[PDB]
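Note: the block below is target_14.tsv and it holds TSV, N, CA, C and O atoms.
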chain	number	residue	atom	x	y	z
A	202	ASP	N	-33.49	11.93	20.21
A	202	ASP	CA	-34.23	11.90	18.95
A	202	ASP	C	-33.54	12.74	17.88
A	202	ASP	O	-33.56	12.39	16.70
A	203	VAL	N	-32.93	13.85	18.30
A	203	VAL	CA	-32.15	14.71	17.42
A	203	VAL	C	-30.92	13.96	16.89
A	203	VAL	O	-30.73	13.87	15.67
A	204	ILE	N	-30.12	13.42	17.80
A	204	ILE	CA	-28.92	12.66	17.44
A	204	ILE	C	-29.25	11.46	16.54
A	204	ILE	O	-28.66	11.31	15.47
A	205	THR	N	-30.21	10.64	16.98
A	205	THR	CA	-30.63	9.45	16.23
A	205	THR	C	-31.09	9.79	14.81
A	205	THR	O	-30.85	9.03	13.87
A	206	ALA	N	-31.75	10.94	14.65
A	206	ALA	CA	-32.22	11.41	13.35
A	206	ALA	C	-31.08	11.87	12.43
A	206	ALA	O	-31.23	11.84	11.21
A	207	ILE	N	-29.97	12.29	13.03
A	207	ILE	CA	-28.81	12.76	12.25
A	207	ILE	C	-28.09	11.61	11.54
A	207	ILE	O	-28.01	11.60	10.32
A	208	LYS	N	-27.58	10.64	12.31
A	208	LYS	CA	-26.85	9.50	11.72
A	208	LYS	C	-27.73	8.58	10.86
A	208	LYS	O	-27.22	7.70	10.17
A	209	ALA	N	-29.04	8.80	10.91
A	209	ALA	CA	-29.99	8.06	10.08
A	209	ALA	C	-30.20	8.73	8.72
A	209	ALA	O	-30.49	8.06	7.73
A	210	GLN	N	-30.04	10.05	8.68
A	210	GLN	CA	-30.26	10.82	7.45
A	210	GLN	C	-28.97	11.42	6.87
A	210	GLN	O	-28.80	11.46	5.64
A	211	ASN	N	-28.08	11.88	7.75
A	211	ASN	CA	-26.74	12.30	7.36
A	211	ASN	C	-25.78	11.12	7.47
A	211	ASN	O	-25.08	10.95	8.48
A	212	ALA	N	-25.76	10.29	6.42
A	212	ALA	CA	-24.95	9.07	6.41
A	212	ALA	C	-24.43	8.72	5.02
A	212	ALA	O	-25.05	9.05	4.01
A	213	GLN	N	-23.27	8.06	5.00
A	213	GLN	CA	-22.65	7.59	3.76
A	213	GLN	C	-22.68	6.06	3.73
A	213	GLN	O	-21.78	5.40	4.26
A	214	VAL	N	-23.72	5.50	3.12
A	214	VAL	CA	-23.88	4.05	3.02
A	214	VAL	C	-23.27	3.49	1.73
A	214	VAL	O	-23.18	4.19	0.73
A	215	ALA	N	-22.87	2.22	1.78
A	215	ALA	CA	-22.24	1.56	0.64
A	215	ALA	C	-23.05	0.37	0.13
A	215	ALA	O	-23.19	-0.65	0.82
A	216	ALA	N	-23.59	0.52	-1.08
A	216	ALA	CA	-24.28	-0.57	-1.77
A	216	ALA	C	-23.35	-1.12	-2.86
A	216	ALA	O	-22.36	-0.41	-3.30
A	217	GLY	N	-23.67	-2.38	-3.29
A	217	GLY	CA	-22.83	-3.12	-4.24
A	217	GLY	C	-22.69	-2.51	-5.63
A	217	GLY	O	-22.27	-1.36	-5.78
A	218	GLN	N	-23.03	-3.30	-6.65
A	218	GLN	CA	-22.93	-2.87	-8.05
A	218	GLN	C	-23.72	-3.76	-9.01
A	218	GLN	O	-23.94	-4.94	-8.72
A	219	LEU	N	-24.13	-3.18	-10.13
A	219	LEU	CA	-24.76	-3.94	-11.21
A	219	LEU	C	-23.72	-4.80	-11.91
A	219	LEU	O	-22.60	-4.35	-12.17
A	220	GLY	N	-24.10	-6.05	-12.20
A	220	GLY	CA	-23.18	-7.02	-12.82
A	220	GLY	C	-22.19	-7.62	-11.84
A	220	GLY	O	-21.22	-8.34	-12.29
A	221	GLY	N	-22.45	-7.32	-10.51
A	221	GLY	CA	-21.60	-7.76	-9.39
A	221	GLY	C	-20.16	-8.17	-9.64
A	221	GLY	O	-19.39	-7.44	-10.30
A	222	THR	N	-19.79	-9.32	-9.09
A	222	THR	CA	-18.45	-9.89	-9.25
A	222	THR	C	-18.43	-11.38	-9.64
A	222	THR	O	-17.60	-11.78	-10.45
A	223	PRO	N	-19.33	-12.21	-9.05
A	223	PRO	CA	-19.62	-13.48	-9.69
A	223	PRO	C	-20.87	-13.34	-10.58
A	223	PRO	O	-21.99	-13.52	-10.09
A	224	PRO	N	-20.67	-13.00	-11.87
A	224	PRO	CA	-21.78	-12.56	-12.70
A	224	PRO	C	-22.46	-13.69	-13.49
A	224	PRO	O	-22.02	-14.87	-13.43
A	225	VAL	N	-23.54	-13.31	-14.19
A	225	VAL	CA	-24.21	-14.23	-15.11
A	225	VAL	C	-23.61	-14.03	-16.50
A	225	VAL	O	-23.62	-12.91	-17.04
A	226	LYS	N	-23.07	-15.12	-17.06
A	226	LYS	CA	-22.40	-15.09	-18.36
A	226	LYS	C	-23.29	-14.49	-19.45
A	226	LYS	O	-24.31	-15.08	-19.83
A	227	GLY	N	-22.88	-13.32	-19.94
A	227	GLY	CA	-23.68	-12.56	-20.89
A	227	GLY	C	-24.01	-11.16	-20.38
A	227	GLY	O	-24.75	-10.42	-21.03
A	228	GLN	N	-23.47	-10.82	-19.21
A	228	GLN	CA	-23.64	-9.50	-18.62
A	228	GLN	C	-22.84	-8.46	-19.41
A	228	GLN	O	-21.63	-8.63	-19.61
A	229	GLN	N	-23.52	-7.41	-19.84
A	229	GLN	CA	-22.93	-6.41	-20.74
A	229	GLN	C	-22.32	-5.22	-20.01
A	229	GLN	O	-21.30	-4.68	-20.44
A	230	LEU	N	-22.94	-4.80	-18.91
A	230	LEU	CA	-22.49	-3.62	-18.17
A	230	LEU	C	-22.18	-3.90	-16.69
A	230	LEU	O	-22.77	-4.80	-16.08
A	231	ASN	N	-21.26	-3.11	-16.14
A	231	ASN	CA	-20.86	-3.21	-14.74
A	231	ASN	C	-20.71	-1.81	-14.13
A	231	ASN	O	-19.69	-1.14	-14.34
A	232	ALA	N	-21.72	-1.39	-13.37
A	232	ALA	CA	-21.75	-0.05	-12.78
A	232	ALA	C	-22.13	-0.06	-11.30
A	232	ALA	O	-22.97	-0.86	-10.87
A	233	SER	N	-21.51	0.83	-10.53
A	233	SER	CA	-21.73	0.93	-9.09
A	233	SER	C	-23.03	1.67	-8.74
A	233	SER	O	-23.49	2.52	-9.50
A	234	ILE	N	-23.60	1.33	-7.59
A	234	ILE	CA	-24.83	1.96	-7.10
A	234	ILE	C	-24.54	2.96	-5.98
A	234	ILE	O	-23.77	2.68	-5.05
A	235	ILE	N	-25.16	4.14	-6.09
A	235	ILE	CA	-25.08	5.17	-5.06
A	235	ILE	C	-26.45	5.34	-4.39
A	235	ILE	O	-27.46	5.58	-5.07
A	236	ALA	N	-26.47	5.21	-3.06
A	236	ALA	CA	-27.70	5.36	-2.29
A	236	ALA	C	-27.74	6.69	-1.53
A	236	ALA	O	-28.00	7.74	-2.14
A	237	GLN	N	-27.48	6.64	-0.22
A	237	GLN	CA	-27.44	7.86	0.59
A	237	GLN	C	-26.05	8.49	0.55
A	237	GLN	O	-25.02	7.79	0.68
A	238	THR	N	-26.03	9.82	0.37
A	238	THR	CA	-24.78	10.58	0.37
A	238	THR	C	-24.70	11.53	1.57
A	238	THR	O	-25.74	11.95	2.12
A	239	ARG	N	-23.47	11.85	1.98
A	239	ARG	CA	-23.24	12.70	3.14
A	239	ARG	C	-23.63	14.15	2.84
A	239	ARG	O	-23.23	14.71	1.81
A	240	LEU	N	-24.43	14.73	3.73
A	240	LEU	CA	-24.98	16.08	3.54
A	240	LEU	C	-23.89	17.15	3.51
A	240	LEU	O	-22.86	17.02	4.17
A	241	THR	N	-24.14	18.21	2.73
A	241	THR	CA	-23.11	19.22	2.45
A	241	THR	C	-23.31	20.59	3.10
A	241	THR	O	-22.33	21.22	3.55
A	242	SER	N	-24.57	21.06	3.16
A	242	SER	CA	-24.83	22.45	3.56
A	242	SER	C	-25.81	22.60	4.73
A	242	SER	O	-26.43	21.63	5.17
A	243	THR	N	-25.93	23.84	5.22
A	243	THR	CA	-26.79	24.18	6.36
A	243	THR	C	-28.29	24.02	6.07
A	243	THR	O	-29.07	23.74	6.98
A	244	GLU	N	-28.67	24.21	4.81
A	244	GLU	CA	-30.07	24.06	4.38
A	244	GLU	C	-30.49	22.59	4.37
A	244	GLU	O	-31.63	22.26	4.73
A	245	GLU	N	-29.56	21.72	3.95
A	245	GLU	CA	-29.79	20.28	3.94
A	245	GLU	C	-29.95	19.73	5.35
A	245	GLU	O	-30.70	18.77	5.58
A	246	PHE	N	-29.23	20.33	6.30
A	246	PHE	CA	-29.35	19.98	7.71
A	246	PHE	C	-30.63	20.52	8.35
A	246	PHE	O	-31.10	19.99	9.35
A	247	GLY	N	-31.19	21.57	7.74
A	247	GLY	CA	-32.45	22.14	8.20
A	247	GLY	C	-33.67	21.35	7.74
A	247	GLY	O	-34.81	21.71	8.08
A	248	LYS	N	-33.43	20.28	6.99
A	248	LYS	CA	-34.52	19.50	6.39
A	248	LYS	C	-34.56	18.04	6.86
A	248	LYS	O	-35.18	17.19	6.20
A	249	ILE	N	-33.90	17.75	7.99
A	249	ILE	CA	-33.97	16.42	8.60
A	249	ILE	C	-35.34	16.21	9.25
A	249	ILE	O	-35.76	16.99	10.11
A	250	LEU	N	-36.04	15.16	8.81
A	250	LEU	CA	-37.36	14.84	9.32
A	250	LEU	C	-37.27	14.14	10.67
A	250	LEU	O	-36.73	13.03	10.77
A	251	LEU	N	-37.78	14.80	11.71
A	251	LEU	CA	-37.77	14.25	13.06
A	251	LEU	C	-38.95	13.30	13.27
A	251	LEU	O	-38.74	12.11	13.58
B	7	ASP	N	64.25	-3.95	0.37
B	7	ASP	CA	62.88	-4.61	0.48
B	7	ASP	C	62.96	-6.09	0.10
B	7	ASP	O	63.26	-6.44	-1.06
B	8	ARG	N	62.69	-6.96	1.09
B	8	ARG	CA	62.75	-8.42	0.91
B	8	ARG	C	61.34	-8.96	0.54
B	8	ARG	O	60.32	-8.31	0.81
B	9	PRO	N	61.27	-10.17	-0.08
B	9	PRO	CA	60.01	-10.63	-0.65
B	9	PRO	C	59.02	-11.29	0.32
B	9	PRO	O	57.83	-10.95	0.30
B	10	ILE	N	59.52	-12.21	1.16
B	10	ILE	CA	58.68	-13.11	1.97
B	10	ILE	C	57.59	-12.42	2.82
B	10	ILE	O	56.55	-13.03	3.11
B	11	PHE	N	57.83	-11.17	3.18
B	11	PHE	CA	56.87	-10.38	3.96
B	11	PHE	C	55.69	-9.93	3.09
B	11	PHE	O	54.53	-10.09	3.48
B	12	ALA	N	56.01	-9.38	1.92
B	12	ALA	CA	55.01	-8.88	0.97
B	12	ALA	C	54.14	-10.01	0.41
B	12	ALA	O	52.93	-9.83	0.24
B	13	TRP	N	54.76	-11.15	0.15
B	13	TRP	CA	54.07	-12.32	-0.40
B	13	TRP	C	53.14	-12.98	0.62
B	13	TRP	O	52.44	-13.94	0.31
B	14	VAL	N	53.14	-12.44	1.84
B	14	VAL	CA	52.18	-12.81	2.89
B	14	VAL	C	51.09	-11.74	3.00
B	14	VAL	O	49.92	-12.06	3.27
B	15	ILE	N	51.46	-10.48	2.77
B	15	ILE	CA	50.50	-9.37	2.72
B	15	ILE	C	49.46	-9.61	1.63
B	15	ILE	O	48.27	-9.32	1.83
B	16	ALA	N	49.90	-10.15	0.50
B	16	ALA	CA	49.02	-10.54	-0.60
B	16	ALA	C	48.01	-11.61	-0.18
B	16	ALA	O	46.86	-11.58	-0.62
B	17	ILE	N	48.45	-12.53	0.68
B	17	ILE	CA	47.59	-13.60	1.21
B	17	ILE	C	46.50	-13.06	2.14
B	17	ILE	O	45.38	-13.58	2.16
B	18	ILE	N	46.83	-12.02	2.90
B	18	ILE	CA	45.85	-11.34	3.76
B	18	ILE	C	44.77	-10.68	2.89
B	18	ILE	O	43.57	-10.85	3.13
B	19	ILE	N	45.23	-9.94	1.87
B	19	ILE	CA	44.35	-9.28	0.91
B	19	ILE	C	43.60	-10.30	0.03
B	19	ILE	O	42.52	-10.01	-0.51
B	20	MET	N	44.19	-11.49	-0.10
B	20	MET	CA	43.58	-12.61	-0.82
B	20	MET	C	42.44	-13.21	0.00
B	20	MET	O	41.32	-13.38	-0.50
B	21	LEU	N	42.73	-13.54	1.26
B	21	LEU	CA	41.77	-14.19	2.15
B	21	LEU	C	40.68	-13.27	2.67
B	21	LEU	O	39.55	-13.72	2.93
B	22	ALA	N	41.00	-11.97	2.82
B	22	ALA	CA	40.02	-10.98	3.26
B	22	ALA	C	38.94	-10.75	2.20
B	22	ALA	O	37.75	-10.65	2.53
B	23	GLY	N	39.36	-10.66	0.94
B	23	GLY	CA	38.44	-10.51	-0.18
B	23	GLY	C	37.78	-11.83	-0.55
B	23	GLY	O	36.67	-11.84	-1.10
B	24	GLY	N	38.47	-12.93	-0.26
B	24	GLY	CA	37.94	-14.27	-0.48
B	24	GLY	C	36.85	-14.64	0.51
B	24	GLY	O	36.01	-15.50	0.22
B	25	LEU	N	36.87	-14.00	1.68
B	25	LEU	CA	35.82	-14.17	2.69
B	25	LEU	C	34.69	-13.16	2.49
B	25	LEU	O	33.57	-13.38	2.95
B	26	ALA	N	35.00	-12.06	1.80
B	26	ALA	CA	34.02	-11.02	1.51
B	26	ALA	C	33.19	-11.36	0.27
B	26	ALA	O	32.10	-10.80	0.07
B	27	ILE	N	33.70	-12.26	-0.57
B	27	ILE	CA	32.96	-12.77	-1.72
B	27	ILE	C	31.89	-13.78	-1.28
B	27	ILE	O	30.99	-14.12	-2.05
B	28	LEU	N	32.00	-14.23	-0.03
B	28	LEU	CA	31.00	-15.10	0.58
B	28	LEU	C	29.71	-14.36	0.97
B	28	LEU	O	28.90	-14.87	1.76
B	29	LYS	N	29.54	-13.17	0.39
B	29	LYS	CA	28.27	-12.45	0.46
B	29	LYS	C	27.28	-13.05	-0.54
B	29	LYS	O	26.19	-12.51	-0.76
B	30	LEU	N	27.69	-14.16	-1.15
B	30	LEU	CA	26.83	-15.00	-1.99
B	30	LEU	C	25.58	-15.44	-1.21
B	30	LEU	O	25.69	-15.91	-0.08
B	31	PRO	N	24.39	-15.27	-1.82
B	31	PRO	CA	24.19	-14.71	-3.15
B	31	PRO	C	24.04	-13.18	-3.15
B	31	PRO	O	23.19	-12.64	-2.43
B	32	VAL	N	24.86	-12.51	-3.96
B	32	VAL	CA	24.86	-11.05	-4.03
B	32	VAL	C	23.78	-10.55	-5.00
B	32	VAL	O	23.71	-10.99	-6.15
B	33	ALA	N	22.95	-9.63	-4.52
B	33	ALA	CA	21.84	-9.07	-5.31
B	33	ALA	C	22.31	-8.13	-6.41
B	33	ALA	O	23.32	-7.43	-6.25
B	34	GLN	N	21.57	-8.11	-7.52
B	34	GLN	CA	21.87	-7.28	-8.69
B	34	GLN	C	22.05	-5.80	-8.35
B	34	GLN	O	23.17	-5.28	-8.38
B	35	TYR	N	20.94	-5.13	-8.02
B	35	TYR	CA	20.99	-3.76	-7.53
B	35	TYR	C	21.42	-3.81	-6.05
B	35	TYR	O	21.44	-4.90	-5.45
B	36	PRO	N	21.71	-2.65	-5.44
B	36	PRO	CA	21.75	-1.25	-5.06
B	36	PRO	C	20.36	-0.61	-5.01
B	36	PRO	O	19.70	-0.40	-6.08
B	37	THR	N	19.94	-0.32	-3.76
B	37	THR	CA	18.63	0.29	-3.50
B	37	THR	C	18.64	1.75	-3.93
B	37	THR	O	19.38	2.58	-3.36
B	38	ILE	N	17.81	2.06	-4.94
B	38	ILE	CA	17.69	3.41	-5.47
B	38	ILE	C	16.47	4.11	-4.89
B	38	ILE	O	16.50	5.31	-4.61
B	39	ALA	N	15.40	3.34	-4.70
B	39	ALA	CA	14.07	3.86	-4.38
B	39	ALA	C	13.97	4.70	-3.11
B	39	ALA	O	14.32	4.23	-2.02
B	40	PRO	N	13.51	5.97	-3.25
B	40	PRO	CA	13.04	6.78	-2.12
B	40	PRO	C	11.91	6.03	-1.40
B	40	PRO	O	10.87	5.75	-2.02
B	41	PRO	N	12.10	5.72	-0.10
B	41	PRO	CA	11.27	4.77	0.66
B	41	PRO	C	9.77	4.94	0.47
B	41	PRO	O	9.25	6.06	0.52
B	42	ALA	N	9.08	3.81	0.24
B	42	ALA	CA	7.64	3.81	0.01
B	42	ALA	C	6.89	3.06	1.11
B	42	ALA	O	6.93	1.83	1.19
B	43	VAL	N	6.21	3.83	1.97
B	43	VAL	CA	5.38	3.27	3.03
B	43	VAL	C	3.91	3.44	2.63
B	43	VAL	O	3.43	4.57	2.46
B	44	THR	N	3.21	2.32	2.47
B	44	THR	CA	1.85	2.32	1.93
B	44	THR	C	0.81	1.91	2.98
B	44	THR	O	1.00	0.93	3.71
B	45	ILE	N	-0.28	2.67	3.03
B	45	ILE	CA	-1.43	2.36	3.88
B	45	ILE	C	-2.58	1.94	2.97
B	45	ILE	O	-2.83	2.58	1.95
B	46	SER	N	-3.28	0.86	3.34
B	46	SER	CA	-4.38	0.35	2.52
B	46	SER	C	-5.58	-0.11	3.35
B	46	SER	O	-5.42	-0.82	4.35
B	47	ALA	N	-6.77	0.30	2.93
B	47	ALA	CA	-8.02	-0.10	3.57
B	47	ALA	C	-9.06	-0.51	2.52
B	47	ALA	O	-9.07	0.02	1.40
B	48	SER	N	-9.92	-1.46	2.90
B	48	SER	CA	-10.94	-1.98	1.99
B	48	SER	C	-12.34	-1.90	2.59
B	48	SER	O	-12.62	-2.52	3.62
B	49	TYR	N	-13.20	-1.12	1.95
B	49	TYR	CA	-14.59	-0.96	2.36
B	49	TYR	C	-15.50	-1.57	1.29
B	49	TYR	O	-15.85	-0.90	0.31
B	50	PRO	N	-15.88	-2.86	1.46
B	50	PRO	CA	-16.56	-3.64	0.43
B	50	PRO	C	-17.98	-3.16	0.12
B	50	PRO	O	-18.75	-2.85	1.04
B	51	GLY	N	-18.31	-3.09	-1.17
B	51	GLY	CA	-19.63	-2.67	-1.63
B	51	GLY	C	-19.77	-1.18	-1.86
B	51	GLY	O	-20.59	-0.74	-2.67
Once more with this new file: its structure as structure tokens, please.
Amino acid sequence: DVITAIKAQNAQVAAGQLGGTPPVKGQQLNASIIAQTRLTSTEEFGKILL
Amino acid sequence: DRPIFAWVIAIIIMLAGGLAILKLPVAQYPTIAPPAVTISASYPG
């Protein structure tokens, strides 16, 4: 349960982007999306919900 | 110094360079570039 909770919360996932790559003609902006980021410190690791 | 011997030495130097010109097609350069070994990975999204 400890291990399973780590890779579920301490993870670097990759989501697509706004305005993708095959876009809708008239799209003004193209920006990437950030979801979950890899944890940095000991306090952040002390806050994993089991 | 007689001629007939030398006029054959020229033929050796003629045919040796004439066979060395068969490096056709000869490239423009001479490799200058300090070797470039590239690693590439793609993580989509």
Check: Smallest atom-to-atom distance to chain B: which of A:215, A:236, A:204, A:230, using only C-alpha atoms?
Finding: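 Result for the nearest residue to chain B: A:215.
Between CA of residue 222 (chain A) and CA of residue 50 (chain B) the interatomic distance comes to 11.7 Å.
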Check: For the point (-22.8, 2.6, -6.7) in file coordinates, what residues are within 6 Å, counting all atoms listed in the file? Give the answer as JSON, numbers by chain?
Finding: {"A": [216, 217, 218, 232, 233, 234, 235, 236], "B": [51]}
Next item on the list: For residue 211 (chain A), please output as a PyMOL selection string all residues within 7 Å (counting all atoms listed in the file; exclusion window: fewer than 6 positions along the same chain).
Entry: chain A and resi 238-240
Export of the given selection (N, CA, C and O atoms) as a PDB file, in the frame of the given file:
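Resulting contents of out-v6.pdb:
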ATOM      1  N   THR A 238     -26.030   9.820   0.370  1.00  0.00           N
ATOM      2  CA  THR A 238     -24.780  10.580   0.370  1.00  0.00           C
ATOM      3  C   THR A 238     -24.700  11.530   1.570  1.00  0.00           C
ATOM      4  O   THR A 238     -25.740  11.950   2.120  1.00  0.00           O
ATOM      5  N   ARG A 239     -23.470  11.850   1.980  1.00  0.00           N
ATOM      6  CA  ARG A 239     -23.240  12.700   3.140  1.00  0.00           C
ATOM      7  C   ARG A 239     -23.630  14.150   2.840  1.00  0.00           C
ATOM      8  O   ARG A 239     -23.230  14.710   1.810  1.00  0.00           O
ATOM      9  N   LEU A 240     -24.430  14.730   3.730  1.00  0.00           N
ATOM     10  CA  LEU A 240     -24.980  16.080   3.540  1.00  0.00           C
ATOM     11  C   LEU A 240     -23.890  17.150   3.510  1.00  0.00           C
ATOM     12  O   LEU A 240     -22.860  17.020   4.170  1.00  0.00           O
TER      13      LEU A 240
END
Item checked: A:219, A:225, A:203, A:209 ranked by distance to chain B, top pick (using only C-alpha atoms) -> A:219
Notebook entry, point to check: atom N of residue 33 (chain B) and atom C of residue 15 (chain B) are how many Å apart?
Noted result: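 The value is 27.2 Å.
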Notebook entry, point to check: Between atom O of residue 202 (chain A) and atom O of residue 248 (chain A), what is the distance, to one decimal in Å?
Noted result: 11.7 Å
Item checked: Counting only C-alpha atoms, the option among A:242, A:231, A:220, A:214 closest to chain B -> A:214
Item checked: All helix (DSSP H, G or I) positions in chain B, as a PyMOL selection string -> chain B and resi 9-29
Check: Where does DSSP see strand (DSSP E or B) in chain A, if you list the residues as a count of residues only?
Finding: 4
Take the structure in the block and write a file for region 15-30 of chain B, C-alpha atoms, as a PDB file, in the first residue's frame.
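Output saved as part28.pdb:
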ATOM      1  CA  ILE B  15      59.142   5.943 -66.045  1.00  0.00           C
ATOM      2  CA  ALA B  16      56.811   8.761 -67.166  1.00  0.00           C
ATOM      3  CA  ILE B  17      54.313   6.111 -68.355  1.00  0.00           C
ATOM      4  CA  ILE B  18      54.336   4.473 -64.892  1.00  0.00           C
ATOM      5  CA  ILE B  19      53.686   7.879 -63.277  1.00  0.00           C
ATOM      6  CA  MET B  20      51.100   8.467 -66.048  1.00  0.00           C
ATOM      7  CA  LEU B  21      49.194   5.199 -65.515  1.00  0.00           C
ATOM      8  CA  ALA B  22      49.473   5.235 -61.701  1.00  0.00           C
ATOM      9  CA  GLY B  23      47.873   8.691 -61.497  1.00  0.00           C
ATOM     10  CA  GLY B  24      45.507   7.782 -64.333  1.00  0.00           C
ATOM     11  CA  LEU B  25      44.209   4.882 -62.230  1.00  0.00           C
ATOM     12  CA  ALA B  26      44.088   7.066 -59.105  1.00  0.00           C
ATOM     13  CA  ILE B  27      41.848   9.598 -60.883  1.00  0.00           C
ATOM     14  CA  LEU B  28      39.332   6.722 -61.067  1.00  0.00           C
ATOM     15  CA  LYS B  29      38.322   7.776 -57.546  1.00  0.00           C
ATOM     16  CA  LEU B  30      35.464   9.319 -59.547  1.00  0.00           C
TER      17      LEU B  30
END
